[PDB]
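In the form deposited in one PDB entry, a lone chain appears below as structure tokens.
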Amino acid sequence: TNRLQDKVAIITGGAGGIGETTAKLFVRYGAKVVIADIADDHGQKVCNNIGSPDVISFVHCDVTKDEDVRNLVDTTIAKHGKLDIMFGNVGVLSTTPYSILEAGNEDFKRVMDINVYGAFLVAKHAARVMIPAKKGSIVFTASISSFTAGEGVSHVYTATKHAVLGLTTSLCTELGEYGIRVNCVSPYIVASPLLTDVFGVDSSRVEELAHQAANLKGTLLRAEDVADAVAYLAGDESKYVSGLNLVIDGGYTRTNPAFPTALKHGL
């Protein structure tokens, strides 16, 4: 109820699936939260859902705009007098096909922009008000695409989630000297939010297939489980971990099962 008693957090991408569950869970633990996002009304329905303006508020922030990240942070210092936690949770997918041949050049630029520079800007301004307090935890959401590939996950998303781990490792080596921890969380498929762009995509259905394909049975990965991993990294109880890419895939990425399924027996 108060494990994060004290704390002031900013959730970048906080109107979304992992961002709202995380904010909900940081409020349940005693913190003051600022959800930041470009999705206006969804960001407002999320906040005014969870608690009152005294604990959560919404700020518009387009994290590829430095004037907006400057404003998001300076508005959190003016509201709550400090910054303990920054969770940089913005990420977008590609909107061109997977093959390198049909993968767009503009699309590459823009996914690189939202996903990596957007994370650089967030760490830049959080490090501005955390270095003088000589305390802080910056948590980035990377992905299991921060170290593996997948047929169907575009080459710019893999390249961008590797560069997010790249800033995690790099910021960690600069900032641990000011007592600031930098970590990232690498989830597998997080369950929803009821999906159609193509057809197939429906989101009782993507977790059903994520279970087919899962190492680890009997549990569904939901946003609540990533939330618990960044609540650990964010506060409470993780004050000597800064190395970390905290993979939350139930062990999916520890094996490639293609030659074992080609193994089998009984015919």
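The term rigid core refers to the maximal set of C-alpha atoms that superpose within 1.5 Å between the two forms. Note that residue numbering begins at 1 and tracks the sequence as displayed.
Q: Looking at the deposited entry, does 228 to 236 or 31 to 39 carry the larger mean Cα B-factor?
A: That would be 31 to 39.
Q: Using the B-factors recorded in the PDB entry, average over the C-alpha atoms of 255 to 263 and of 13 to 21, then report which stretch comes out higher.
A: According to the PDB entry, the answer is 255 to 263.
Q: Among 84, 113, 177, 107, where is the Cα temperature factor highest, going by the PDB entry?
A: Most elevated C-alpha B-factor of the set, per the entry: 177.
Q: Looking at the C-alpha B-factor values in the deposited entry, which of 46, 214, 223, 61 comes out highest?
A: Top of the list by C-alpha B-factor: 46.
Q: Sorting the chain's modelled residues by C-alpha B-factor, tell me whether residue 158 ends up in the lowest, middle or highest third.
A: Within its chain, residue 158 is a lowest-third residue by C-alpha B-factor, going by the deposited values.
Q: Residue 125's Cα B-factor: lowest, middle or highest third of the chain?
A: Bottom third by C-alpha B-factor.
Q: Which third of the chain holds residue 210 when residues are ordered by C-alpha B factor: lowest, middle or highest?
A: As the PDB entry reports it, the C-alpha B-factor of residue 210 lands in the middle third of its chain.
Q: Determine, from the deposited record, the chain-internal third of the Cα B-factor for residue 132: lowest, middle or highest.
A: Highest third, going by the recorded CA B-factors of the chain.
Q: For the chain shown, is the CA B-factor of residue 99 in the lowest, middle or highest third of its modelled residues?
A: Ranked within chain, residue 99 CA B lands in the middle tercile.
Quick note: we don't show the form deposited in another entry, though the next part is all about it.
Q: Which listed residue (77, 195, 133, 112) has a Cα shift of at least 2 Å between this form and the one not shown, rigid core superposed?
A: Among the listed residues, the outlier is 195.
Q: Does residue 239 show a Cα shift reaching 2 Å between this form and the one not shown after rigid-core superposition?
A: No; residue 239 is a residue whose C-alpha shifts by less than 2 Å between this form and the one not shown when the cores are overlaid.
Q: C-alpha of residue 44: shift of 2 angstroms or more between this form and the one not shown, rigid core aligned?
A: Shift of 2 Å or more: yes.
Q: Assuming the CA distance changes by 3 angstroms or more, are residue 155 and residue 196 closer together or farther apart in the other entry compared with the shown structure?
A: Compared with this form, residue 155 and residue 196 lie closer in the other entry.
Q: Can you confirm the direction of the Cα distance change for residue 151 and residue 195 in the other entry, closer or farther than in this form, given it is 3 Å or more?
A: The answer is closer, because the C-alphas of residue 151 and residue 195 approach each other in the other entry by 3 Å or more.
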